[PDB]
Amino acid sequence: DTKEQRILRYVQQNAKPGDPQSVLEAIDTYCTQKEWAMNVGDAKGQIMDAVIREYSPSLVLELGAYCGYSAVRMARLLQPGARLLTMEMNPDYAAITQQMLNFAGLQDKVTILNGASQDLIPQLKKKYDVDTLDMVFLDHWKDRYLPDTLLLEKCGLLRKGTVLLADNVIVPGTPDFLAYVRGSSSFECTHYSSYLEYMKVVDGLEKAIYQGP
């Protein structure tokens, strides 16, 4: 089997069904003790939690679900009725993410879409009945952060106050995105320094709040 299958199985056998916190703890334990994986992790996860709680977004888009760690993290803190859409281009990972959400009991709050974000973003308004997004979590291929941000704007999915939160702006880094948002009058940016998941290596999140045209 794959690392991702092994992570899912560990959760199923070491967490309590319907208990998202136990799911996060199980993944963190597995990835610290057994096999590293590119989940956002606890250090950066705590920063994400603080941001989610500050904004209480009604509609969140995540780019890059992977195994669903961040989707569980965010969805567990959403208010009743609030929703998460998460995109994952790898079908095997999309299936892991669905099963992870199912186990966590969060499947009614989250929709996991299998496809490249550049292909799905233009369908959000008509197919998924989206008006604008309250928050976007970027965690997919690092060279897609900038083009997909520009695509979100083109498609009319950003509003004044839409919070972009980007993982991995130090490692692996996303230099074009980071330069762009920090240099743009349409974004107000804040850097949250942290650590790479499960590693004593500096990383960070960037929050970029959209200001309109």
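A residue's number is simply how far along the shown sequence it sits, counting from 1. Superpose the two forms; the largest set of C-alphas matching within 1.5 Å is the rigid core.
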In terms of RMS C-alpha distance in 5 other deposited structures of this protein following rigid core superposition, 181-189 and 32-40 differ, and the farther one is 32-40
In terms of RMS C-alpha distance in 5 other deposited structures of this protein following rigid core superposition, 5-13 and 192-200 differ, and the farther one is 192-200
Per the PDB entry, mean CA B-factor is higher for 47-55 or 164-172, namely for 47-55
Of 137-145 and 69-77, the stretch with the higher mean C-alpha B-factor in the deposited entry is 69-77
Entry-reported C-alpha B-factor of residue 123 relative to its chain, by third, is highest
Of the three thirds of the chain ranked by Cα temperature factor, residue 24 occupies the middle
By the entry's values, the third containing the CA B factor of residue 4 is the middle
Assert third(CA B-factor, residue 86) within chain per record equals middle
Of the three thirds of the chain ranked by Cα temperature factor, residue 102 occupies the middle
